[PDB]
Amino acid sequence: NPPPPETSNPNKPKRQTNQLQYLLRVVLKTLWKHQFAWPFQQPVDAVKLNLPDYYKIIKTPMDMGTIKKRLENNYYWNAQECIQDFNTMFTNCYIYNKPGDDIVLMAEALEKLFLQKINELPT
Ligand SMILES: CCN1C(=O)c2cccc3c(S(=O)(=O)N4CCC[C@@H]4CO)ccc1c23
């Protein structure tokens with residue numbers, strides 16, 4: 001396993017924004033409770049899960065546990081940065097797998113709920 005993504009960085013500029021507040025309180029916390037959320041709640045453990053080729057293929061890993069901690073820690077400057085982390089988590093799943101796989105059916109469901117929730121954000 002490689003080191004997981006950072007959740008703190010003192011030299012990074014950050015802001016507390018009403019859209020970032022919403023991304024934590026509503027968007028992340030709703031997805032988290034979905035029946036298909038559990039494979040995405042922490043970094044991939046290629047050793048436990050016996051996926052030795054995962055980090056040989058995926059070079060920008062991301063997961064909802066990392067996002068949650070970034071949100072709680074005031075890591076982001078704006079909502080587009082957080083939205084980009086979500087998009088990376090979903091794209092990684094489609095790169096490493098194939099259409100029809102159980103994990104892909106799960107990611108497709110969460111991605112549609114995610115887009116429904118960010119369709120309208122607070123001003
Ligand atoms: C989202 C990150 N991510 C992948 O890209 C991926 C590829 C193959 C299996 C898994 C598993 S799992 O073995 O625990 N399991 C969970 C249900 C489906 C799958 C078994 O079919 C958990 C998380 C994963 C994968």
# chains A, B, ... in the order shown; residues from 1 in each chain; ligands from 1
>>> residues_around(residues="residue 46 (chain A)", least_positions_apart="2", cutoff="12 Å", atoms="only C-alpha atoms", output="list in words")
residues 1, 2, 3, 4, 42, 43, 44, 48, 49, 50, 51, 52, 53, 54, 55, 56, 57, 58 and 61 of chain A
>>> closest_atom_pairs(of="chain A", to="ligand 1", cutoff="10 Å", atoms="only C-alpha atoms and all ligand atoms", output="JSON lines")
{"residue": "A:36", "atom": "CA", "partner": "ligand 1", "partner_atom_place_in_ligand_line": "17 (C)", "distance": 8.5}
{"residue": "A:37", "atom": "CA", "partner": "ligand 1", "partner_atom_place_in_ligand_line": "1 (C)", "distance": 9.2}
{"residue": "A:38", "atom": "CA", "partner": "ligand 1", "partner_atom_place_in_ligand_line": "22 (C)", "distance": 8.0}
{"residue": "A:39", "atom": "CA", "partner": "ligand 1", "partner_atom_place_in_ligand_line": "23 (C)", "distance": 4.2}
{"residue": "A:40", "atom": "CA", "partner": "ligand 1", "partner_atom_place_in_ligand_line": "1 (C)", "distance": 5.1}
{"residue": "A:41", "atom": "CA", "partner": "ligand 1", "partner_atom_place_in_ligand_line": "1 (C)", "distance": 8.7}
{"residue": "A:42", "atom": "CA", "partner": "ligand 1", "partner_atom_place_in_ligand_line": "23 (C)", "distance": 8.8}
{"residue": "A:43", "atom": "CA", "partner": "ligand 1", "partner_atom_place_in_ligand_line": "2 (C)", "distance": 7.7}
{"residue": "A:44", "atom": "CA", "partner": "ligand 1", "partner_atom_place_in_ligand_line": "2 (C)", "distance": 5.9}
{"residue": "A:45", "atom": "CA", "partner": "ligand 1", "partner_atom_place_in_ligand_line": "23 (C)", "distance": 8.4}
{"residue": "A:46", "atom": "CA", "partner": "ligand 1", "partner_atom_place_in_ligand_line": "24 (C)", "distance": 9.1}
{"residue": "A:48", "atom": "CA", "partner": "ligand 1", "partner_atom_place_in_ligand_line": "14 (O)", "distance": 9.0}
{"residue": "A:49", "atom": "CA", "partner": "ligand 1", "partner_atom_place_in_ligand_line": "13 (O)", "distance": 5.6}
{"residue": "A:50", "atom": "CA", "partner": "ligand 1", "partner_atom_place_in_ligand_line": "13 (O)", "distance": 8.0}
{"residue": "A:51", "atom": "CA", "partner": "ligand 1", "partner_atom_place_in_ligand_line": "8 (C)", "distance": 7.4}
{"residue": "A:54", "atom": "CA", "partner": "ligand 1", "partner_atom_place_in_ligand_line": "5 (O)", "distance": 7.4}
{"residue": "A:58", "atom": "CA", "partner": "ligand 1", "partner_atom_place_in_ligand_line": "5 (O)", "distance": 8.9}
{"residue": "A:61", "atom": "CA", "partner": "ligand 1", "partner_atom_place_in_ligand_line": "2 (C)", "distance": 9.1}
{"residue": "A:62", "atom": "CA", "partner": "ligand 1", "partner_atom_place_in_ligand_line": "2 (C)", "distance": 8.8}
{"residue": "A:63", "atom": "CA", "partner": "ligand 1", "partner_atom_place_in_ligand_line": "1 (C)", "distance": 7.6}
{"residue": "A:64", "atom": "CA", "partner": "ligand 1", "partner_atom_place_in_ligand_line": "1 (C)", "distance": 9.7}
{"residue": "A:89", "atom": "CA", "partner": "ligand 1", "partner_atom_place_in_ligand_line": "1 (C)", "distance": 7.5}
{"residue": "A:90", "atom": "CA", "partner": "ligand 1", "partner_atom_place_in_ligand_line": "1 (C)", "distance": 7.8}
{"residue": "A:91", "atom": "CA", "partner": "ligand 1", "partner_atom_place_in_ligand_line": "5 (O)", "distance": 9.5}
{"residue": "A:92", "atom": "CA", "partner": "ligand 1", "partner_atom_place_in_ligand_line": "5 (O)", "distance": 6.8}
{"residue": "A:93", "atom": "CA", "partner": "ligand 1", "partner_atom_place_in_ligand_line": "5 (O)", "distance": 4.4}
{"residue": "A:94", "atom": "CA", "partner": "ligand 1", "partner_atom_place_in_ligand_line": "5 (O)", "distance": 7.5}
{"residue": "A:95", "atom": "CA", "partner": "ligand 1", "partner_atom_place_in_ligand_line": "5 (O)", "distance": 8.1}
{"residue": "A:96", "atom": "CA", "partner": "ligand 1", "partner_atom_place_in_ligand_line": "5 (O)", "distance": 5.7}
{"residue": "A:97", "atom": "CA", "partner": "ligand 1", "partner_atom_place_in_ligand_line": "7 (C)", "distance": 6.1}
{"residue": "A:98", "atom": "CA", "partner": "ligand 1", "partner_atom_place_in_ligand_line": "7 (C)", "distance": 9.2}
{"residue": "A:101", "atom": "CA", "partner": "ligand 1", "partner_atom_place_in_ligand_line": "21 (O)", "distance": 6.9}
{"residue": "A:102", "atom": "CA", "partner": "ligand 1", "partner_atom_place_in_ligand_line": "18 (C)", "distance": 5.0}
{"residue": "A:103", "atom": "CA", "partner": "ligand 1", "partner_atom_place_in_ligand_line": "18 (C)", "distance": 4.3}
{"residue": "A:104", "atom": "CA", "partner": "ligand 1", "partner_atom_place_in_ligand_line": "5 (O)", "distance": 8.0}
{"residue": "A:105", "atom": "CA", "partner": "ligand 1", "partner_atom_place_in_ligand_line": "18 (C)", "distance": 9.0}
{"residue": "A:106", "atom": "CA", "partner": "ligand 1", "partner_atom_place_in_ligand_line": "17 (C)", "distance": 7.9}
{"residue": "A:107", "atom": "CA", "partner": "ligand 1", "partner_atom_place_in_ligand_line": "1 (C)", "distance": 7.4}
>>> closest_residue(among="A:84, A:32, A:109, A:76", to="residue 13 (chain A)", atoms="only C-alpha atoms")
A:76
>>> atom_distance(atom1="CA of residue 20 (chain A)", atom2="CA of residue 78 (chain A)")
6.6 Å
>>> residues_around(residues="residue 114 (chain A)", least_positions_apart="3", cutoff="8 Å", atoms="only C-alpha atoms", output="ChimeraX atom specification")
/A:27,31,110-111,117-118
